[PDB]
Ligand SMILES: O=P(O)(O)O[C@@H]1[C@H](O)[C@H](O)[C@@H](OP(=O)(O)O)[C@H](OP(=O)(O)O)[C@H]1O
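Below you'll find only one chain, the form solved without the named molecule, shown as structure tokens.
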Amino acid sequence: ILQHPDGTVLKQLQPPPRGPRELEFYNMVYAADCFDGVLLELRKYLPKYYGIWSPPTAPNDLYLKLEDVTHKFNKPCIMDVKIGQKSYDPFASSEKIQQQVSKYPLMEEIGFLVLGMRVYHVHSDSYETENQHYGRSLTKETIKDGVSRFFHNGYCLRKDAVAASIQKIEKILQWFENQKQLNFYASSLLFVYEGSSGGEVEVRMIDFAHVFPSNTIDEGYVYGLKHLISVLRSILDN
């Protein structure tokens, strides 16, 4: 992810088939002649899409030009959470499934995985960062405290941001419960709140290299959202 001063990010397409698939996802959603109510509503929850981009001198080098969801914040606190019970897709090989489940074997049980967070601390004027190993270390016993960490500025628990996060996730859940045409594997929610202008929060869906047509509710994604909501709700009682 490359941040551009103009309030956009450039995401380099992943190798095939992942990058092409994400391009076609955005292209389908933001299709100019799209009157599909499901896809029109979904746009609210994605980064705004500015189409494919490549350097003037390098047509080979493919990027998606996307809204930088963090742009409007002064000291953005950012958390990326992978959603779902399965991070492999319906066409994965046996080896691929094993690879994906081994990366985090609690995915079925918990239904989400914290990919990372960056938290601004007021008293130190500094950021705490957690990498992929943080979230992959979390269990049923430690997931609540693991998530809570995102909302600690080093003096208070930001229950305002927690409550706002629940409310915005709920709208995404409502979208999922009113569509049976897309299933999303290994996709994420990006959480942003203001670390320095009170209860201001972004929660957006990102990373669409494994989105597939479906005839059914995305039960795994729904489960993940429900559990994440439940965890956030309990944090409100801290």
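In this text, rigid core is short for the largest set of C-alphas that superpose within 1.5 Å between two forms. Counting begins at 1, following the sequence as shown.
Worksheet item: If you line up the core and then measure how far each C-alpha sits from this form in 9 other deposited structures of this protein, which stretch comes out higher, 127 to 135 or 152 to 160?
Response: Between 127 to 135 and 152 to 160, the one lying farther away in 9 other deposited structures of this protein is 152 to 160.
Worksheet item: Core fit done; bigger CA RMS in 9 other deposited structures of this protein for 116 to 124 or for 162 to 170?
Response: Of 116 to 124 and 162 to 170, the stretch deviating more in 9 other deposited structures of this protein is 162 to 170.
Worksheet item: How many residues sit between residue 196 and residue 197 in the deposited sequence but have no coordinates: none, 1 to 3, 4 to 9, or 10 or more?
Response: The entry leaves 4 to 9 residues without coordinates here.
Item to complete: Decide which of the stretches 150 to 158 and 76 to 84 has the higher mean C-alpha B-factor, going by the entry.
Response: That would be 150 to 158.
Worksheet item: Comparing 93 to 101 with 134 to 142, where is the mean C-alpha B-factor higher?
Response: Higher of the two, by average CA B-factor, is 93 to 101.
Item to complete: Quick one: which of 70, 54, 174, 187 shows the highest Cα temperature factor in the PDB entry?
Response: Highest C-alpha B-factor among the listed options: 54.
Worksheet item: Taking the entry's C-alpha B-factors for this chain, is residue 180 in the lowest, middle or highest third?
Response: Within its chain, residue 180 is a highest-third residue by C-alpha B-factor, going by the deposited values.
Worksheet item: Would the CA B-factor of residue 1 place it in the lowest, middle or highest third of its chain?
Response: Tercile = highest for this residue's CA B-factor.
Practice prompt. Consider only the C-alpha atoms of the modelled residues in this chain, order them by B-factor as the entry records it, and name the third containing residue 66: lowest, middle or highest.
Written response: Its C-alpha B-factor, which the entry lists for residue 66, ranks in the middle third among residues of this chain.
Worksheet item: Which third of the chain does residue 122 land in by C-alpha B-factor: lowest, middle or highest?
Response: It falls in the top third of the chain.
Practice prompt. Select lowest, middle or highest to describe the third in which the CA B-factor of residue 212 falls within its chain in this entry.
Written response: Within its chain, residue 212 is a middle-third residue by C-alpha B-factor, going by the deposited values.
There is also a form solved in complex with the named molecule; it is not shown, and the following applies to it.
Discussion item. Three or more ligand atoms within 2.4 Å of the backbone or C-beta would mean blocked. So with the named molecule superimposed as it binds in the deposited bound form, which is it here, open or blocked?
Written reply: After C-alpha superposition the pocket is open.
Fill in: Whether 18, 103 and 136 all lie within 4.5 angstroms of the named molecule in the deposited bound form by heavy atom
Spot residues vs the named molecule: full contact, yes.
Fill in: Residue (of 72, 123, 96, 140) lying close to the named molecule in the deposited bound form, criterion heavy atoms within 4.5 Å
Selected option: 96.
Worksheet item: Looking at 85, 167, 148, 132, which is the one with a non-hydrogen atom within 4.5 Å of the named molecule in the deposited bound form?
Response: It is 132.
Discussion item. Please tell me whether any heavy atom belonging to residue 14 falls inside 4.5 Å of a heavy atom of the named molecule, as the geometry stands in the deposited bound form.
Written reply: Contact with the named molecule, yes.
Discussion item. Is residue 201 part of the interface with the named molecule in the deposited bound form - any heavy atom within 4.5 Å?
Written reply: Judged by the heavy-atom cut-off of 4.5 Å, residue 201 is well away from the named molecule in the deposited bound form.
Item to complete: Using a 4.5 Å heavy atom cut-off, state whether residue 186 contacts the named molecule in the deposited bound form.
Response: Within the cut-off, so yes.
Worksheet entry | Partner contacts for 206 to 228, taking the named molecule in the deposited bound form and a 4.5 Å heavy atom cut-off | Heavy-atom contacts within 4.5 Å come from 210 alone.
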